[PDB]
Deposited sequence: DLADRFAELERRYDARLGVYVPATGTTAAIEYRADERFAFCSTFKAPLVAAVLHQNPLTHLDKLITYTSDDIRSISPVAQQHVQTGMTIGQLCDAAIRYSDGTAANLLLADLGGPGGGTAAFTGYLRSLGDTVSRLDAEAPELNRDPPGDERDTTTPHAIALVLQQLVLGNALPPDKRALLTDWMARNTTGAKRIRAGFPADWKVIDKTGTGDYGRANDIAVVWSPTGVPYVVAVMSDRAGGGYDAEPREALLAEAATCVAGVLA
């Protein structure tokens, strides 16, 4: 049984784990806590970049955005070394996905505009793709959570579907392919000849997420959503990337 392995991982890492791989032609859904809520964390940044991409002509990626000292409130490795010059929407997009740049995310939200610095327009974007589950706005807390199941179906639609026109779908896909942050999660649990694109998230209460699209060596695709937290260790509990790698390995197994 596959759920025994997963429960084993949860015991080992003293974690709660969430896994969802949506069904295909010959494969059934892989699901484990696939319907419980977990924080979004940085993972929202991927569909956030789709939101922006969808919303505008491609040449909008060339609009220059200025931001100051007070705009830099979270880990922002790219927004630090630009604050002077400014940054383009495309550069912010690049930074949001590939480096999980928090300031880049907050500026891209602000670009979407509307109430709540853009989080309503954002949620609106998710409703439009049939996601009634997620919500952007404390383990368990309703706010800024999604389910392994809801996010995986969102990513499926963005990377393998008609949510974005080929050209814009491509741009999203490329940024995730060249992610710098996911080396030790889903990537690590799949053989080197499977091609894996992903966006990660990480937070307090030992939260660690990875959402990905994978392609078998013969080009068959799957969406893989892995979400976890470790409330057992309190606010300052450490994220366990291993747990994510391991789960992926167990998922790599079934799909190989």
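Only residue range 138-146 of the deposited sequence, counted from 1, carries no C-alpha coordinates in the model.
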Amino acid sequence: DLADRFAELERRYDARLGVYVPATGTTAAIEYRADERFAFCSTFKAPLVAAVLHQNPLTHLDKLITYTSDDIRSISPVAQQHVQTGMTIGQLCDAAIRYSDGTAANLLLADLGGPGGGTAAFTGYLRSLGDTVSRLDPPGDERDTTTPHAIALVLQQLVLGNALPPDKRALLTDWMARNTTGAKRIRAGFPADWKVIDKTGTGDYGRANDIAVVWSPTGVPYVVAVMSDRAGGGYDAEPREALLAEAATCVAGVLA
From here on, numbers count along this sequence of modelled residues.
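Comparing the deposited coordinates for 113-121 and 89-97, the stretch with the larger average C-alpha B-factor is 113-121.
The question of which stretch, 205-213 or 22-30, has the higher mean Cα B factor is settled in favour of 22-30. Reading the B-factor column for the CA atoms of 82, 185, 127, 149 in the entry, the top value corresponds to 82. When the C-alpha B-factors of 164, 172, 104, 155 are read from the PDB record, the largest value belongs to 164.
For residue 45, the recorded CA temperature factor ranks within the lowest third of the chain's modelled residues.
Sort the chain's modelled residues by C-alpha temperature factor and residue 248 lands in the middle third, per the entry. When all modelled residues of the chain are sorted by CA temperature factor, residue 108 is found within the lowest third. Per the deposited record, the Cα B-factor of residue 15 falls in the lowest third when ranked against the other modelled residues of its chain. Looking at the C-alpha B-factors along this chain, the one for residue 200 belongs to the lowest third.
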